[PDB]
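In: based on what follows, work out the 3D shape:
(chains A and B)
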Amino acid sequence: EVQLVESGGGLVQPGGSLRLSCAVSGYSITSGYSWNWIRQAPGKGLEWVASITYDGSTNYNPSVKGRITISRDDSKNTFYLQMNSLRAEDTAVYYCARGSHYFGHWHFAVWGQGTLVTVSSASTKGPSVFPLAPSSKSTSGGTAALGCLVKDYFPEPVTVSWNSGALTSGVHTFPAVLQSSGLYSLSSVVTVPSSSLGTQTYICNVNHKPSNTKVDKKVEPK
Amino acid sequence: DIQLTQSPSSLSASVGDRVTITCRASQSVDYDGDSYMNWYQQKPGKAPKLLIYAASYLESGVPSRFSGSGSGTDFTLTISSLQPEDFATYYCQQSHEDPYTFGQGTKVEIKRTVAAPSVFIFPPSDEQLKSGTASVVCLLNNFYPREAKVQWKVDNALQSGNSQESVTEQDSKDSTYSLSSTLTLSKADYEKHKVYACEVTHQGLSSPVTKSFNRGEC
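Out: Numbering: from 1, shown residues only, chains lettered A, B, ... in the order given. Sure, structure below:
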């Protein structure tokens, strides 16, 4: 089926420029009525910023127009977003999206996964990963909690999985908090049978793409 | 531009109850009989999902409990019977004129029965301590409602200003929340004290729950 995969996200200095790409698979980009960029500032609502129709006609939201370019490359089945003179206001998750051939066209049924662009002067920083060791011993031999503490990184985001994605049940990965250091900290926990602590291996897989930091942390009884 | 205002901005309803969300547009989004209003559902960490287009058409693959109505400047999204899976922020969007604009969004939560949190406390790892900092973490797992109070105590001294907390979005599995609180101390301060306690207050707890450990003993 049709899939939109975005690239080019991450840290950008103020005054700098961004280049995002939306690689389309399972569908010819030339068959879409239109392709669009829509962004969402952290904790805020949605803002359409640009579109390109099948014939190449472009359109922009005046709220950003004059420093923005949408374009496509048919032979790569990809379309692009270029913005320059970035401000803090431009920090957002950017989505690519497809318009429709029907019913007024400009509603969006197919979306990319979104990629975060952070406009900041700070530099990238990889996280430290520390174990949140379970129990010491169980309470009544019932349910134990263990986890990973992902501390002191910049910018967002980090992804955490458990046992390479084979452990999803009982997993909670919390929103990062911004420390006064200006660095983010996040915890991921999972609740498991306390009778499995001796026989089952639990590994949190942490990925911080902006700093090219990947960590696999085995967490076990201390 | 066309400004969209949703109401309410936030709501909580018992599972299975009818939910209606309204959208008022500053100008008409009507065009030749049609009304170009659309509705989206956005779940945590995901792209918006198209529910309704042209005011009243159900998008392919979307459950029939979602329906849309209205015309001109006034529109309604209806969830006939709210399901646990329906926790999300809902957006209206006009497609009548560029720039295509969205409502500010409506947060929908399922109001389930009161559930007390399971509380866990974690000492800092030896690994972290050599870095000169100690993080003490307290976990509140699977509770409702979202409101909860965490008090940190170090040798019975109430800690204030040196902790931060984070709450998960509502879990559709059971409509509960989880909360993580982190107490941050210097290594030196951590080594000066023995008893580290996390005291939790919540509606589902008849009296506060305290989890603690003594530094050194593990």
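In: then the one helix or strand residue B:109 maps to to PDB, C-alphas only?
Out: In this assignment (DSSP states H and E), residue B:109 forms part of strand B:106-111. In PDB, the C-alpha atoms belonging to strand B:106-111 read as follows (Å, rounded to 0.1, in the frame of the first residue of the first chain):
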ATOM      1  CA  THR B 106     -10.600  18.800  21.100                       C
ATOM      2  CA  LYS B 107      -9.100  16.400  23.600                       C
ATOM      3  CA  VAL B 108     -11.200  13.300  24.300                       C
ATOM      4  CA  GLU B 109     -10.600  11.100  27.400                       C
ATOM      5  CA  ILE B 110     -12.500   8.000  28.600                       C
ATOM      6  CA  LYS B 111     -13.800   8.400  32.100                       C
END
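In: show me what it is packed up against.
Out: strand B:10-14, strand B:19-25, strand B:88-94 (3 or more CB pairs under 8 Å, 6 or more residues apart in numbering or on different chains; DSSP states H and E). In short, each C-beta sits where N, CA and C put it, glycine included.
In: from the chain's centre, how far out does it sit?
Out: Taking CA atoms, centre = their mean, to the nearest Å, the mean C-alpha location of strand B:106-111 is offset from the chain mean by 9 Å.
In: and for stretch B:79-87?
Out: Put simply, stretch B:79-87 sits 15 Å off its chain's centre (CA atoms, centre = their mean).
In: what are the buried residues along it?
Out: Of all the residues in stretch B:79-87, those buried under the rule 16 or more other CB atoms under 10 Å in any protein chain shown are B:79, B:82, B:86, B:87.
In: enumerate every residue touching the residue positioned nearest the centre of chain B.
Out: Nearest to the geometric centre of chain B sits residue B:169, at 3.5 Å (CA atoms, centre = their mean). The neighbourhood of residue B:169, defined by CB atoms under 8 Å, 6 or more residues apart in numbering or on different chains, consists of B:44, B:87, B:177.
In: out of the helices and strands packed on strand B:106-111, which comes closest to chain A?
Out: Closest approach to chain A among the helices and strands packed on strand B:106-111 (CB to the nearest CB): strand B:88-94, 6.2 Å.
In: across the sheet, point out what pairs with residue A:118.
Out: Beta bridges link residue A:118 to residue A:11, judged by DSSP bridges.
In: so how far is chain B from it?
Out: Applying CB to the nearest CB, to the nearest Å, the value for residue A:118 to chain B is 17 Å.
In: so residue B:29 makes contact with residue B:94?
Out: Yes - with contact defined as CB atoms under 8 Å, residue B:29 counts as touching residue B:94 (4.5 Å).
In: need the overlap of contacts for the two.
Out: Common contact partners of residue B:29 and residue B:94 (CB under 8 Å, 6+ apart): B:2, B:36, B:37.
In: near chain A, list only the ones from those.
Out: Near chain A, taking CB under 8 Å from any CB of the partner chain as the test, the members of the shared contacts of residue B:29 and residue B:94 found are residue B:36.
In: contacting residues for residue A:213?
Out: Residues in contact with residue A:213 (CB under 8 Å, 6+ apart) are A:126, A:127, A:153, A:206, A:207.
In: do residue A:197 as well
Out: Neighbouring residues of residue A:197 by CB under 8 Å, 6+ apart: A:134, A:135, A:138, A:144, A:146, A:220, A:221.
In: what sits against the closest residue to residue B:208 other than its chain neighbours?
Out: In this structure, residue B:208 finds its nearest non-sequential neighbour in residue B:201, 4.8 Å apart by CB to CB, 6 or more residues apart in numbering or on different chains. Applying CB under 8 Å, 6+ apart to residue B:201 gives the contacts B:148, B:149, B:150, B:151, B:208.
In: can I have the buried ones of those as a ChimeraX selection?
Out: Buried subset of those, written as a ChimeraX selection, criterion 16+ other CB under 10 Å:
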select /B:148,150,151
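In: turn the contacts of residue B:201 into TSV, including secondary structure.
Out: Below are these laid out as TSV (DSSP: H, G, I helix; E, B strand; the rest coil):
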residue	secondary structure
B:148	coil
B:149	strand
B:150	strand
B:151	strand
B:208	coil
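In: would you map out the domains in the chain?
Out: Reading this off chain A. Residue ranges for the domains of chain A, per curated CATH domains: A:1-121, A:122-222.
In: actually, chain B is the one I wanted.
Out: Domain assignment for chain B by curated CATH domains gives B:1-111, B:112-215.
In: make CSV out of those and add distance to residue A:213.
Out: CSV is the format used below for those (distance: least, CB to CB, whole Å):
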stretch, distance to residue A:213
domain B:1-111, 20
domain B:112-215, 16
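In: need the phi and psi values for residue A:29.
Out: Main-chain dihedrals, residue A:29, degrees, to the nearest 10: phi -60, psi -30.
In: with residue B:129 instead?
Out: Torsion angles, degrees, to the nearest 10, at residue B:129: phi -60, psi -30.
In: how near is it to residue B:164?
Out: Residue B:129 sits 19 Å away from residue B:164, going by CB to CB, to the nearest Å.
In: ditto for residue A:91
Out: With CB to CB as the criterion, residue A:91 and residue B:164 are 21 Å apart.
In: the more surrounded of those two?
Out: More crowded of residue A:91 and residue B:164, by other CB atoms under 10 Å in any protein chain shown: residue A:91, with 18 against 15.
In: skipping its backbone neighbours, what lies nearest that one in space?
Out: Excluding the flanking residues, the one nearest residue A:91 by CB to CB, 6+ apart is residue A:119, at 4.8 Å.
In: ok, now which ones touch that neighbour?
Out: Shown in contact with residue A:119 (CB under 8 Å, 6+ apart): A:12, A:13, A:14, A:16, A:86, A:87, A:88, A:90, A:91.
In: about what we covered before: narrow the contacts of residue A:213 to those in strands?
Out: A:153, A:206, A:207 (DSSP state E).
In: the most far-flung residue of chain B relative to its centre and residue A:79, how far apart?
Out: Using CA atoms, centre = their mean, the residue of chain B lying farthest from its centre is residue B:32. It sits 39.7 Å away. If you measure residue B:32 against residue A:79 using CB to CB, the figure is 30 Å.
In: no further queries at this time; thank you.
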